[PDB]
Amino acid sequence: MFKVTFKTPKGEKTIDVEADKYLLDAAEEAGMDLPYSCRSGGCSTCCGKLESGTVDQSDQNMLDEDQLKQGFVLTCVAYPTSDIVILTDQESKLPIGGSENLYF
């Protein structure tokens, strides 16, 4: 199965994840209470960030192309597609942005 290293605030561990199991679910089953809210791809609570490897997160409904290229992942709807190293609890890192903060 793929091996996924989850790097959390409280430590790291590496676990098996099947191709048809979402990251969040695997992590929870291995004792890691990762953040989540909606569990359906429509918020940023579960965001993680890929150090290495790939996911299938086609049901994600938050992230733009930039953000995807930066390795952001909605862990509640992400299947592994390779061995992975992922940082959890990364929502701070996602810029708020908006139409009133245009950075000049």
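Residue numbers here begin at 1 and follow the sequence given.
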Self-check item: Mean C-alpha temperature factor, higher of 72 to 80 and 59 to 67
Solution: 59 to 67
Self-check item: Segment of higher mean CA temperature factor, 16 to 24 or 85 to 93
Solution: 85 to 93
Quiz item: Lowest, middle or highest third: where is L50 by Cα B-factor in its chain?
Solution: middle
Exercise. For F2, return the chain-relative third of its C-alpha B-factor as stated in the PDB record: lowest, middle or highest.
Key: middle
